[PDB]
Every structure is written in C-alpha cells, then in structure tokens.
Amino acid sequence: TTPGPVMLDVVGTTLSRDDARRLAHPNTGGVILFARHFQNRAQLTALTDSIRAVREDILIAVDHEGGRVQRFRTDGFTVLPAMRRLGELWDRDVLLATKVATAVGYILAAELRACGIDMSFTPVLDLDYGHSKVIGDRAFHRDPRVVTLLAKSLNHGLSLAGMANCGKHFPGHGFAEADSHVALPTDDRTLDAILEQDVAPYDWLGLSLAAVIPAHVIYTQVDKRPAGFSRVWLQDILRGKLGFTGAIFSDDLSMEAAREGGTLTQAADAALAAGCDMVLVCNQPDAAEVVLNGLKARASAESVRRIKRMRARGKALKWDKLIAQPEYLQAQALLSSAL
C-alpha cells in the first residue's frame, strides 16, 4: 500500500481496534505522537512496531523541537534546549553554536529512531521578532541569516541519523501577535517584506530543507486565505518562486485558526487543493475518521513521492547500541558543557 494524505493520532499507549481501522484506511498517511502516547521507551517502541504492523508504509512523527515543545522528556530522552538558547550561544561564538546545533540534531534524531519514529516537526524557522508568544523561545534568532545557518546545522545532525526535517511555520509565524491554536492571527506586511526576511531561510536552505508546515496565519496584503489554505503561498511562492520540491504538511486542522477553512473535511480539502501533500488532524481521531472517509478525490502521485521521502533512511541503532556509541556520548558531553 501507499500513503494517504491524512496524519492523525492513536488513542493511547497501545493500539486499539479503532486505531487499527483508521490506520488501514487508504487516506491515512501518518501518525503524530504526543506526550500521552509515551510511558517509557519499551512501551513506545512496542507502540510504533504495532503501528507499522498495521500499515507498513506509514509515516510516524512527533513534535521534538526542544525547550517548551518536546513530547518525550523522560526514560532516557535528552531534554533539549529551547532553540533560542542556540541563537544566544551564536551571539557569543558562531562556530561553536553550529557545532552544538549539529549535536542537538543528532541526539534528537538518534533517540527518536531508536524508538521507531521517522521524523520530528523541527526546525522552527520563524524569526524571533519577539511579537509572537506562541513561538517565543522556539525561534532560533532574529536574523534570518542566523536562523538559516543554525537550522542548517541542526538539520545536518538530523541527517546523520538518517532523519529528515520540517521547517515551520511558512511563510512566518514570528511577526503576528496572536496564537493560531486559539485565534486567527494576521500579518499585514507587504509580500516583499515577508519574502526578504521571514521566507529567506526557506529559500537559502536549498536541499537542506526537506519539508514545510505552513502557518494558519492570514497575510492580508498577499491573500485573504490563511497560508495553509492559500494556493498563492503554497504554489505561487513556495513551489513557484522558491522551486521547493519537499513535502508540505498542513498545521493541525483542529487549531482554531483553521476553522477559517470550514468543517474539518472542508478545511482538509482546501489545504490539499492549496498545495499541502498531507494534512494533520490532531486530538480528535473520530473526527479525523470523518475526514478520511469524506475527502474529495484529487491527484496524489506527486504528493506520494514527497511523503515517501520523509521516511527515515537506513538502519537505526537501537537503544542498547546507541547508549554506548562514542558519537552519541560526545554529543551529550558537548551539549552539557556548551549551554
């Protein structure tokens, strides 16, 4: 089988029949995991094994950014710094910050792969304007050039463990005031101002950028539709102007900002019509199931190529080997000392 366009979640720490029904649905492409899905490493590994036993082509992801966004923080998962801490380190020693960024990405990726997870929805490329509380310390730095090179260094670390990446929230959640979880944010700048600064890391990363999540933010001088529902942002700018060929994942359609798109099924249709390859529907698996069964038909072949490319590459070390690996051990020591 081949992956569908919907990324949803499972009900708990072990798979239920309802989960297995949803996982088997042709429109399912992925699972996103949250803190409630984690008791310990052994339980998590068994959960991801069982998910792949139902659907072998499934993508498994998690939000592991560090700082305030890190779902697994116990039983041996390394608590990672907020990305803002890396920008602060850069302001003292640029080269060391890049070295530390790579170590963070390697630890991050290697620990997740040891538990059977394909990817993390990282890095945040939002610029640290200071305007956005929802982003806040999740942003690397104010300067798009600095964001770019730190994110690139992080992504390199991810790649060393065979893990891809996902830049977010395109074209930038950093300038807008409001929190898209609970309201619909706006950004009234010109297209050109947005392109010159907030979009610049997406453009400069080139092949070091594997995927994008777009913001549920309305950029009122560019398009009346939030970015994740906007063909202007997703096709004209991202695919067109930037020539990006990686996967586009919608931000979570359960977020309040996304009700600007309609019922869940209507919003999903709109995100995919706009240019998302996958849509996230989090924290309401039965509503996700209505989406799975109601989605309007579309061409998906181009999307499927991109989705398959998000699967982790090559073999991962299990925990019992990772814990003795000098590279892993070295990275741990560097993170400890440098911050």
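Numbers for residues come from their place in the sequence shown, where the first is 1.
Stretches 20 to 28 and 312 to 320 differ in mean C-alpha B factor, with the higher average recorded for 312 to 320. 43 to 51 and 292 to 300 differ in mean CA B-factor, and the higher of the two is recorded for 292 to 300.
Highest CA B-factor among the listed residues (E111, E260, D252, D143): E260.
Residue-level inspection of the entry shows that, of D192, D118, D269, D126, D192 has the top Cα B-factor. Sort the chain's modelled residues by C-alpha temperature factor and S132 lands in the highest third, per the entry. Annotation for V279: C-alpha temperature factor in the lowest third relative to the rest of the modelled chain, per the entry. Among the modelled residues of the chain, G246 sits in the middle third by CA temperature factor in this PDB entry. In this PDB entry, the Cα temperature factor of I218 sits in the top third of its chain's modelled residues, the highest group. In the deposited entry, the Cα temperature factor of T148 sits in the middle third of values across the chain's modelled residues.
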